[PDB]
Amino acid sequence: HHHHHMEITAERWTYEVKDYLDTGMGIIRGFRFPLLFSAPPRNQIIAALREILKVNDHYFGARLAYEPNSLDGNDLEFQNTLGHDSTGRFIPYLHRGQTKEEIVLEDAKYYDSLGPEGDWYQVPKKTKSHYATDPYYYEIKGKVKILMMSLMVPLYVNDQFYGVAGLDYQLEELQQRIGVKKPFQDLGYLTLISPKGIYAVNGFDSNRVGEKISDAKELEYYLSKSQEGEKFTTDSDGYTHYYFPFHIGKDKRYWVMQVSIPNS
């Protein structure tokens, strides 16, 4: 009877976390639709991105990046201005500043990188799929690196790719909202693992956030089981562990909610 209680508890936490991530993914999904058919003035699009953050303090950043000349054919006019590259690609990034009330505009970085910090642009471009990135470090103004995950949709219509839109979670925030919750009678801990095996949240050791599963055999085990999509369980010293794969939005990769309960 105690096992039933713990297992359904793990499933309840999985849907609570899925709800939270799906809400953010839903917002950025809906945001793209006017931009699949219209090209407003660039300043008004920046104001729209800024407004998401003004009225939603869950989120750290809101980003848009277009292919060359894909918004309005007018990149040359905006070369080397803020929110633009040296060719005038429209790449606004809005994010939290020194206070939450402060919202900063800068150029989106790394859309041309094959490193993990480019995944937010490159994976939607190559796969044409909605995509929650694995955790990555993103450098903002001030030489500060922000550990985050980004919920991305491609600007994809009439079988053509035009760019991406994205909403960011700072992982320090997710750790405080989820990572510190006790799953079962004020005991146990929660972990959220990305499809590549990187902790987005870790209630056992917060220093592991943004790190890969450290043991080679455990990482290999995780990678095999997680993308099969079925719930699984392991036992360690002290704990029973429940692993529930789930999707964010229409992204077909599996994230995993780990719920760990003491044997006592």
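Start at 1 and count along the sequence shown; that's the residue number.
Comparing 97 to 105 with 159 to 167, the stretch with the higher mean C-alpha B-factor in the PDB entry is 97 to 105. Here 135 to 143 and 185 to 193 are compared by their mean Cα B-factor, and 135 to 143 comes out higher. Listed residues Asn80, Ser129, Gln175, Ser150 were ranked by CA B-factor as deposited; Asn80 comes out on top. Take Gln44, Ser226, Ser206, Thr233 and read off each C-alpha B-factor from the entry; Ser206 has the highest. Compared with the other modelled residues of the chain, the Cα B-factor recorded for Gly210 ranks in the middle third. In this PDB entry, the Cα temperature factor of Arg63 sits in the middle third of its chain's modelled residues.
In this PDB entry, the Cα temperature factor of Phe31 sits in the bottom third of its chain's modelled residues, the lowest group.
Split the chain's modelled residues into thirds by C-alpha temperature factor. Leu114 is in the middle one. Ranked by Cα temperature factor within the chain, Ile8 sits in the middle third according to the deposited record.
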